[PDB]
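One file, run34.txt, carrying compact mmCIF, C-alpha atoms:
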# COMPACT_ATOMS: atom_id res chain seq x y z
CA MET A 1 89.64 27.37 114.86
CA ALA A 2 86.66 26.58 117.09
CA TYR A 3 83.74 24.17 116.85
CA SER A 4 80.77 26.55 116.75
CA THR A 5 77.76 25.46 118.80
CA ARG A 6 75.61 26.02 115.71
CA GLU A 7 76.76 22.54 114.65
CA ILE A 8 75.24 20.61 117.55
CA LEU A 9 71.91 21.95 116.29
CA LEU A 10 72.64 20.57 112.82
CA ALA A 11 72.59 16.95 114.01
CA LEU A 12 69.86 17.35 116.64
CA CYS A 13 67.85 18.59 113.65
CA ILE A 14 68.49 15.72 111.25
CA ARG A 15 67.48 13.32 114.01
CA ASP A 16 64.37 15.32 114.92
CA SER A 17 63.38 14.65 111.31
CA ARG A 18 63.93 10.87 111.41
CA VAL A 19 62.27 10.44 114.82
CA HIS A 20 59.03 11.26 113.03
CA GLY A 21 59.99 10.16 109.53
CA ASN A 22 58.46 6.70 109.92
CA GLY A 23 60.04 4.83 107.02
CA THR A 24 61.22 8.01 105.33
CA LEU A 25 62.80 11.25 106.56
CA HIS A 26 59.95 13.44 107.82
CA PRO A 27 59.69 16.72 105.82
CA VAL A 28 59.60 18.53 109.18
CA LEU A 29 63.34 19.25 108.97
CA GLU A 30 64.67 18.37 105.52
CA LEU A 31 65.77 21.77 104.21
CA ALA A 32 65.55 24.41 106.94
CA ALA A 33 68.24 26.78 105.65
CA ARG A 34 71.65 25.61 104.43
CA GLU A 35 72.80 24.67 100.93
CA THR A 36 76.08 22.95 100.07
CA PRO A 37 76.85 21.54 103.55
CA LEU A 38 80.47 20.96 104.57
CA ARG A 39 81.79 17.39 104.61
CA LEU A 40 81.04 16.28 108.16
CA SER A 41 79.55 13.34 110.06
CA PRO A 42 76.45 14.65 111.94
CA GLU A 43 76.71 11.90 114.56
CA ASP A 44 79.22 13.26 117.08
CA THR A 45 78.86 12.49 120.79
CA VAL A 46 77.53 15.82 122.07
CA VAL A 47 74.95 15.82 119.28
CA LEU A 48 73.63 12.31 119.97
CA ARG A 49 73.87 12.85 123.71
CA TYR A 50 71.54 15.81 123.30
CA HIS A 51 68.92 13.76 121.48
CA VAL A 52 68.73 11.94 124.81
CA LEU A 53 69.47 14.62 127.43
CA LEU A 54 66.57 16.53 125.93
CA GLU A 55 64.08 13.65 125.65
CA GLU A 56 64.84 12.50 129.18
CA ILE A 57 64.18 16.01 130.48
CA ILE A 58 60.67 15.94 129.02
CA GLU A 59 59.96 12.83 131.10
CA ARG A 60 60.14 15.21 134.07
CA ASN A 61 58.98 18.50 132.54
CA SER A 62 56.69 17.16 129.81
CA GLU A 63 53.56 19.12 130.69
CA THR A 64 55.59 22.13 131.82
CA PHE A 65 57.01 22.65 128.34
CA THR A 66 53.72 22.35 126.45
CA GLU A 67 51.94 24.18 129.26
CA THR A 68 53.92 27.37 128.70
CA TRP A 69 53.28 27.04 124.97
CA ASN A 70 49.53 27.09 125.59
CA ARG A 71 49.81 30.09 127.92
CA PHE A 72 51.44 32.54 125.51
CA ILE A 73 49.29 31.02 122.77
CA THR A 74 47.03 33.44 120.87
CA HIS A 75 49.45 35.56 118.85
CA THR A 76 49.28 37.35 115.50
CA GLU A 77 50.22 34.02 113.89
CA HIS A 78 52.69 35.89 111.67
CA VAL A 79 55.23 37.56 113.96
CA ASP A 80 58.33 36.34 115.83
CA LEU A 81 57.51 38.81 118.62
CA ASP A 82 56.13 35.87 120.59
CA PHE A 83 58.39 33.17 119.15
CA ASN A 84 61.43 34.68 120.88
CA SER A 85 59.78 35.14 124.27
CA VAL A 86 58.48 31.58 124.02
CA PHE A 87 61.94 30.30 123.14
CA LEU A 88 63.16 31.35 126.58
CA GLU A 89 59.81 30.96 128.38
CA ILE A 90 59.17 27.47 126.99
CA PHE A 91 61.16 26.22 129.98
CA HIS A 92 60.89 29.24 132.31
CA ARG A 93 59.62 26.80 134.94
CA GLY A 94 63.15 25.44 135.13
CA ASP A 95 65.75 28.01 136.18
CA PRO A 96 69.11 27.50 134.39
CA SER A 97 70.04 29.68 131.41
CA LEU A 98 70.87 27.29 128.58
CA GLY A 99 68.07 25.14 129.93
CA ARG A 100 65.80 27.19 127.68
CA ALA A 101 67.66 25.89 124.63
CA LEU A 102 67.69 22.31 125.88
CA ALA A 103 63.97 22.41 126.49
CA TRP A 104 63.37 24.06 123.12
CA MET A 105 64.91 21.11 121.28
CA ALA A 106 63.30 18.84 123.88
CA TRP A 107 59.65 19.86 123.96
CA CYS A 108 59.89 20.57 120.25
CA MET A 109 60.75 16.89 119.84
CA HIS A 110 57.67 15.41 121.53
CA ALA A 111 55.59 18.36 120.35
CA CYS A 112 56.27 17.42 116.73
CA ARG A 113 55.49 13.76 117.41
CA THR A 114 52.12 14.56 118.98
CA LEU A 115 51.24 17.20 116.39
CA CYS A 116 51.92 14.69 113.60
CA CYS A 117 50.56 11.60 115.36
CA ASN A 118 47.16 13.17 116.02
CA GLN A 119 44.96 13.65 112.96
CA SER A 120 45.34 17.43 113.11
CA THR A 121 47.63 20.22 111.92
CA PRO A 122 49.36 17.67 109.60
CA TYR A 123 52.88 18.12 108.24
CA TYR A 124 51.75 21.63 107.30
CA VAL A 125 51.44 22.88 110.90
CA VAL A 126 54.36 20.90 112.27
CA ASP A 127 56.62 22.27 109.54
CA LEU A 128 55.31 25.81 109.98
CA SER A 129 56.45 25.90 113.61
CA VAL A 130 59.83 24.45 112.63
CA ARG A 131 60.30 27.15 109.99
CA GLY A 132 59.97 29.87 112.60
CA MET A 133 61.43 27.87 115.46
CA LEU A 134 64.49 26.87 113.45
CA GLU A 135 65.02 30.54 112.64
CA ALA A 136 65.26 31.31 116.35
CA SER A 137 67.46 28.25 116.89
CA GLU A 138 70.29 30.06 115.12
CA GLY A 139 70.18 32.41 118.09
CA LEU A 140 71.64 29.70 120.31
CA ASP A 141 75.08 30.46 118.87
CA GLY A 142 75.66 33.61 120.92
CA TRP A 143 72.62 32.97 123.08
CA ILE A 144 74.33 29.76 124.20
CA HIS A 145 77.76 31.34 124.70
CA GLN A 146 76.38 33.53 127.49
CA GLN A 147 75.05 30.28 128.97
CA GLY A 148 78.39 28.50 128.90
CA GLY A 149 78.12 26.26 125.86
CA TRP A 150 76.78 22.71 125.98
CA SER A 151 80.07 21.88 127.61
CA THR A 152 78.13 22.25 130.87
CA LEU A 153 74.84 20.46 130.05
CA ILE A 154 76.16 17.87 127.61
CA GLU A 155 78.29 16.47 130.46
CA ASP A 156 77.26 17.07 134.07
CA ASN A 157 73.70 17.17 132.73
CA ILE A 158 72.80 20.53 134.22
CA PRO A 159 73.67 21.43 137.85
CA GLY A 160 71.03 20.97 140.53
CA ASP A 161 71.04 21.31 144.31
CA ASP A 162 68.83 24.19 145.45
CA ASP A 163 65.13 24.96 145.93
CA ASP A 164 64.25 25.27 149.62
CA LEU A 165 60.69 26.18 150.59
CA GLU A 166 60.50 29.94 151.08
CA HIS A 167 58.84 32.60 148.92
CA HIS A 168 55.16 33.07 149.74
CA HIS A 169 53.14 32.94 152.97
CA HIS A 170 49.85 31.23 152.11
CA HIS A 171 50.61 27.78 153.53
CA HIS A 172 52.54 27.15 156.74
Output the structure of this file as structure tokens.
Amino acid sequence: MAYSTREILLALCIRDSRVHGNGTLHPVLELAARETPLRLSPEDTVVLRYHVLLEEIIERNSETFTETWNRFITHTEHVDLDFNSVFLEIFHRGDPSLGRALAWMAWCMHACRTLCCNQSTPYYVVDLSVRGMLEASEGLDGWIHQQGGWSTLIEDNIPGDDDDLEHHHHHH
């Protein structure tokens, strides 16, 4: 027996729906893909912790996240060919591995709030992204394993202690 990481996404999802579901659960994460759910309390520690860990991150890399999204922007509008690259590039600015998954759920959080708040791309556009995004989310299972499971992020809160100032030669 082993608690698959695909569960942490289950809760993070339900919350991502309420966060925007002012008064009532927002239809931007009501029935992604899973019928007859197993008896479980989607309110564990790691799950909740993530809701935060991710939001907090945005406070630092808020523009970064969205920024990348605008860069790759301009796709077929009907192919995951760009949705996968974006999934990992959405936080490319960072560095860590799993950090791409933490940002994904992070930026996606504020991104949905802004997309819904502003009188544009109503629940129809916000949901659209989720439909495709959620699909890629399932990738975190193995995609996360290679990263080292949340066990690393959802605790020490991502390791950091390196950057220096060497790479180019434009400014002395």
Using all atoms listed in the file, what table do you get, as a tab-separated table, when you list each residue of range 4-47 of chain A with an atom no more than 9 Å from range 134-139 of chain A, its nearest pair of atoms, and their distance in Å rounded to one decimal, rows by chain then rising number?
residue	atom	partner	partner_atom	distance
A:6	CA	A:138	CA	6.7
A:9	CA	A:137	CA	7.7
A:13	CA	A:134	CA	8.9
A:29	CA	A:134	CA	8.9
A:32	CA	A:134	CA	7.0
A:33	CA	A:135	CA	8.6
Quick one: pull the distance between CA of residue 121 in chain A and CA of residue 65 in chain A, Å, one decimal.
-> 19.1 Å
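Candidate residues A:101, A:28, A:12, A:53 were compared for distance to residue 126 in chain A, and the nearest is A:28, using all atoms listed in the file.
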Please identify all polymer residues within 12 Å of residue 94 in chain A, counting all atoms listed in the file, omitting same-chain residues fewer than 6 positions from it, and present them as a PyMOL selection string.
-> chain A and resi 57-58+60-62+64-65+68+88+100-103+158-160+162-163
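Between residue 93 in chain A and the residues A:75, A:111, A:63, A:105, the shortest atom-to-atom distance, using all atoms listed in the file, involves A:63.
Of the residues under consideration (A:120, A:114, A:74, A:146), A:146 shows the shortest atom-to-atom contact distance to residue 96 in chain A when counting only C-alpha atoms.
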Residue nearest residue 11 in chain A among A:78, A:169, A:92, A:49 (counting only C-alpha atoms) = A:49
Residue with the minimum atom-to-atom distance to residue 95 in chain A, picked from A:115, A:168, A:128, A:161 with only C-alpha atoms counted, is A:161
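Taking CA of residue 124 in chain A as the reference point, CA of residue 56 in chain A is found at 27.1 Å.
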Nearest candidate to residue 148 in chain A (options A:97, A:37, A:51, A:79; using all atoms listed in the file) = A:97
What is the distance, in Å and to one decimal place, between CA of residue 23 in chain A and CA of residue 117 in chain A?
-> 14.3 Å
Fewer than 3 positions away in the same chain doesn't count, so skip those; otherwise give me all residues within 10 Å of residue 150 in chain A, counting all atoms listed in the file, as a ChimeraX atom specification.
-> /A:5,8,46-47,50,98-99,101-102,144-145,147,153-158
Please return the centre and edge lengths, in Å to one decimal, of a box with edges along x, y and z that contains all listed atoms of range 135-150 of chain A, widened by 8 Å on every side, as lines of an AutoDock Vina configuration file.
center_x = 71.7
center_y = 28.2
center_z = 120.8
size_x = 29.4
size_y = 26.9
size_z = 32.3
